[PDB]
Amino acid sequence: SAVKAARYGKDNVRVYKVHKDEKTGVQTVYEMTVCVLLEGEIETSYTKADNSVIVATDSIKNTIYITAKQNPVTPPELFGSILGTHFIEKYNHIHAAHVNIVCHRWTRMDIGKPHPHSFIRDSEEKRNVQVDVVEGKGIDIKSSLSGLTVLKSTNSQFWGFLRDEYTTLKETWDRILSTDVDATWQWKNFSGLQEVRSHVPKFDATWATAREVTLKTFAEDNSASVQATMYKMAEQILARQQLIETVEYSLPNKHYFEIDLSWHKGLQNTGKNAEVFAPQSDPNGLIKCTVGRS
Amino acid sequence: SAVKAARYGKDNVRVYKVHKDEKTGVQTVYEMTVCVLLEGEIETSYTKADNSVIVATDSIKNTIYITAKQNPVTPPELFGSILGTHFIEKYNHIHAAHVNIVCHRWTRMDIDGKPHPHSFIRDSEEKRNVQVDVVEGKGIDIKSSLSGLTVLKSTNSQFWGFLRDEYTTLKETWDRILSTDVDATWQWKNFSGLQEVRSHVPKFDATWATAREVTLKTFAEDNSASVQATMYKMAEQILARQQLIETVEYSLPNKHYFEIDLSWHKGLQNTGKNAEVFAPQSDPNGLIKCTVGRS
Amino acid sequence: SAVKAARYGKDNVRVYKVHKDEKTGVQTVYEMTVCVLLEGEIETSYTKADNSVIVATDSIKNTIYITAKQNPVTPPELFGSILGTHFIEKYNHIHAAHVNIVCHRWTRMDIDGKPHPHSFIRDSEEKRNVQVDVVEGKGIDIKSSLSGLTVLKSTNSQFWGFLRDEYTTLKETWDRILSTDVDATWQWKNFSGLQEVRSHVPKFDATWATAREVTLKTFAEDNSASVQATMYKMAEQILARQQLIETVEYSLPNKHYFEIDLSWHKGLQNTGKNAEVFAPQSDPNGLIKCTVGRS
Amino acid sequence: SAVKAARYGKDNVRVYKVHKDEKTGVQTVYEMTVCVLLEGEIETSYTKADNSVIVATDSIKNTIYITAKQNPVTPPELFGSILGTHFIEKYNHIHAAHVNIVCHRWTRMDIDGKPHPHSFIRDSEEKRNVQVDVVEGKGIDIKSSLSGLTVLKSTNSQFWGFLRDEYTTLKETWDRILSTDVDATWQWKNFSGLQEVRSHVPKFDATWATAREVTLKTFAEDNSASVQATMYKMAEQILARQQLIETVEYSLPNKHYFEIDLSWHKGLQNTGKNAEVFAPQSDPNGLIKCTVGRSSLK
Ligand SMILES: Nc1[nH]c(=O)[nH]c(=O)c1N
Ligand SMILES: Nc1[nH]c(=O)[nH]c(=O)c1N
Ligand SMILES: Nc1[nH]c(=O)[nH]c(=O)c1N
Ligand SMILES: Nc1[nH]c(=O)[nH]c(=O)c1N
């Protein structure tokens, strides 16, 4: 037998960093969870028990802290870039670095005044980046939002789908639509650290756009197909930023079922009279697509 | 042997109710998870396998749905009271209903600065709960709370002056991160029946609001050297601002962030005045509780 | 306002300890998560920012490690008693320690049916736990328990003859699935202090063993139409077997499996007698409780 | 724009089946969570809102129950294959089904040393999984695996002779605790259709059993200096005992147990050789992965 693939690294490294502005007094905090896996001339640690080729997982840990110490940590795309580039450069036998970064929200609180040093976790929503640094191939970056959960109580439908002897579902012209939204936009390959730094302002700006399109489309679109809603979201993101190659959406649906109460004193709670529903934990629809340029 | 205590019922009954406005076309959503437990003359179901005194747990579920259909689901203090009352009035063997409610956030989305008539975002894992205890001839006990509210402040928190002995290694410190989850409970004065409850309805949302605000505002502003110290200030003001509350309870996990000493690597400065990069700890955590009532 | 109640301490302290038999070669491990909350004359920390009455939570943490180093960690009833006793003995102003311990399974691996000297598998999420209360001048209260035990039986369960009103829709049934997680608590007669506890050491493991075995066996054998009656049987036998227990407490969150009607499809038969494929429901679920003591 | 990829379907379908043998009266339970995703000529639901090409996700759910009703659910490699094959046959516009199946453990209880005919216990959170890709005329790819297997050995594990530089603080060590979750994936050689899959049915359970047991035994016996070295021994053995496996994949998170220096307190003795009490860490953790295949040498 033979190694067809190997990577190893450190997962779940929690990192906090603060930025104290001494002029205005204002503090700013950043919290993230970091995952780094390395590939390279390491066959022999598997085949031959040879550890000399292994940069220890504990040292990878140190490097993360050291790197955050000395470099910006925002936007995550730049940090993940610096961090990965370091590994392919400090070590001759390491030729690929995969860096994963989960950004946790710490929004500054309003006491109508922004407070200079106090934050609240105002949502379990995350902002993430996967950055792959391969020797001679530059830097690929997938950027994403996830954990964004929404509901609209009307202006969705579902009718006209395939009907056979497996179908029981009734068609509907007014229904609840709810979903978690996970959205990944993929950047054009960058050639190295360099080209990445010249693009820094685009990253935050693109996140904000991606979030805002998602929110506003989901809210204003009145469709009978979640598919079509997702596609319109992707289009505008593509339209709005030249450097993005692909947009990818994954929406896990949350069903809310009607509850027939007519067995009880003829209470009317279906159709136009539906007021009380039963949120279902499972099962759940799951819809994806990846959308690119023509 | 003999049965000292017995309770049974339905847990985790997910409920959603929509409100549609007529004129305006604005919709409002409410979603909760409801738990209802019954007490009463039910011993023989344990001792003699007698099911004739069991209201089926499936029926408790239908009851929840139906009560929610014919009644306001908000404030949940009301709704709990209506639902616990129904039990003791419909059944002579049932003498106590215990109703737990967890309300989940569905905030209305802001779209280009306008508020959207029918879309919402789950904008925090934070919850608003009530526990309502309806006991035959003791009226209605209500515990209101907020939990899951997670905060950090990067400075203006200290910790010195604690006892030291041959178990201590903590250094003292005049600047540290302070992050916690906030669990806060306010107990209302006993109420006599649904009647009295109906009549204090607007005090309910108002006091939740007040509670959130005092917690938030006190946590930002207090430059304190004691989590105990800050909590107590929070409780005091809530007692001060609402006559009908008898006790305030705070439970605060105190989630630690460690300084990472980076000096062994090219003498790098990351502690004291210089600390910029820290390791949040998943565990262990400090836990500080108290109940504060009037004198 | 006054402080009605207050405690503080260290939650989620994970602790591992290994025992090496330098004779046999045989190693044995223990891993638990520990929580220690102190009570005492500590008002002033809350009222007047005074920390000189605060034994830092950090030092509570150090103390767990230190005690675990010098004492047996098994049975956890012992160690919790030793641990809470240290606190009220060494601090004048501390009058109560509450110690909680969750023990995680590391069962010895069988490699070619030989027990292995040093490898273990987490063979279940089931926990063994203690709650230990050490109050000054009141001695030691210990609640021992098992939780996270999940079982299922595919037949020999019925449910019929419960109460039927205009809230009821549930069909009565003579063969159904019964599944539940089992949370079971046995409460020891008050001990007077560390000595009394020690002289009872071997009763602890033995009792946990019996509670488990009684639980499984009664659940498997009992062909009942009432979950209540099954729980009660379990509790009698636990009391009959161990004099020193005062009460036994059972919390049964039970999980539903619904029939799936498939007759709309080619008249396929999947209900009552013909039921084979079922849909397990994540929620809601029934929840049944009791405390049984001696009359 | 253009749809470059699209899949839609039903995730988290919980399913239980009971098999009653009325000879003996023994009953056997299966429970699993099922995910089915469809691909094929469905672009237009996205670009033009056309629902006429969508099999409604509620219908995918019905189909899972009905198939479980009319077929065996075990081994999950067969069930998945049946289940996926059905979607490519019933619909022309569907060209691929991806089926994911998590199986949950219900082990028979022993009461007084005898198996009970009809009670079971969730004896572990360990799962047995299949991923089954059923694509038009490329037949049936099947990744099988186990996950949720948590193990610890408290000595006979070492770590020394690793690269040292100005990022390193780790002490070399010759006795330490090794714990991990084991996640392990065997990839089967492509099968040409259902037919081929039924005629390998007995090999499914046996390979899961071997895979598990090889994992257990190697983990316990190896005195390694390398988690890598140890994962590689496991994969080699699996590959040697089943021909129809092409690749083995291992993914091992290592959970750390730190030493606690207690020497500042009454000179207390708790590191290297007298270490008895440790601080298990929730995070961070090492993650070692590898795919192991067959050699091309002779
Ligand atoms: N700590 C540790 N242990 C291993 O077996 N392998 C590794 O790579 C590291 N870093
Ligand atoms: N299914 C079930 N089982 C019980 O033991 N008690 C109950 O009330 C119900 N509804
Ligand atoms: N470490 C710490 N921090 C607090 O705010 N309060 C406390 O009581 C302790 N022990
Ligand atoms: N049942 C359902 N609901 C949707 O919104 N979209 C879909 O595609 C299906 N199949």
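Residues numbered from 1 in each chain as written, not as in the entry; some residues may be left out. Chains lettered and ligands numbered in written order. Heavy atoms only, no water.

All names here are of chain C. Position of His 98 among the secondary structure elements: in strand 3 (residues 94-104). A relative accessible area of 14% places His 98 in the buried class. One polar contact links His 98 to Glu 39, side chain to side chain, over a distance of 2.9 Å. At 2.7 Å, the side chain of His 98 and the side chain of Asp 133 are in polar contact. Discounting residues that sit within four places of it in the chain, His 98 has contacts with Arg 7, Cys 35, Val 36, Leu 37, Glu 39, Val 132 and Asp 133. (Helix = DSSP H or I, 4+ residues; strand = E, 2+ residues; numbered from the N terminus. Buried < 20%, exposed > 50% of the residue type's maximum accessible area, 1.4 Å probe, protein only. Polar contact = N/O pair within 3.5 Å; in protein donor to acceptor, adjacent residues only side chain to side chain. Contact = heavy atoms within 4.5 Å.)

Take the environment of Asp122(A) next. Tracing the sequence through the fold places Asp122(A) in the loop between strand 5 (114-120) and strand 6 (126-134). With residues up to four places along the chain from it excluded, the contact list for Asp122(A) reads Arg105(A), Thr107(A), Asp123(B) and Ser124(B). In this structure the side chain of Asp122(A) is engaged in a polar contact, spanning 2.8 Å, whose partner is the side chain of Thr107(A).

Attention now goes to the pairing of strand 3 (residues 94-104) of chain B. All names here are of chain B. In terms of burial, strand 3 is largely enclosed, as eight of its 11 residues are buried. Pairing of strand 3 with strand 6 (residues 127-135) involves nine bridges; the strand directions are antiparallel. Each residue of the ladder has a partner; that of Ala 97, found in strand 6, is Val 134. (Pairing = 2+ DSSP bridges.)

The interface of chain B with chain C comprises 68 residues on the first partner and 67 residues on the second. Of the roughly 5,700 Å² buried between chain B and chain C, counting both surfaces, carbon and sulfur atoms make up 55%. For chain B, the biggest contributors to the area lost against chain C are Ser1(B), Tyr46(B) and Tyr167(B); these three give 13% of the whole. Here chain B is connected to chain C by two salt bridges. Counting the contacts that link chain B with chain C gives 46 residue pairs in polar contact. Looking at the side of chain B that touches chain C, the elements with two or more residues in it are strand 1 (2-20), helix 1 (43-47), helix 2 (57-69), helix 3 (76-90), helix 6 (227-241) and strand 12 (285-293) of chain B. Among the elements that line the side of chain B that touches chain C, the one with the most residues is strand 1 of chain B, at 13 residues. The residue inventory of the side of chain B that touches chain C, partitioned by class, reads 30 nonpolar, 24 polar and 14 charged. Of the strand pairs in this sheet, strand 1 of chain B and strand 12 (residues 285-293) of chain C are connected by nine bridges, and their pairing is antiparallel. In the sheet register, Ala2(B) faces strand 12 of chain C, and the bridge partner there is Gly293(C). (Buried area = accessible area lost by both parts, 1.4 Å probe. Salt bridge = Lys/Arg side-chain N within 4 Å of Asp/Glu carboxyl O. Nonpolar A, V, L, I, M, F, W, Y, C, P; charged D, E, K, R; others polar.)

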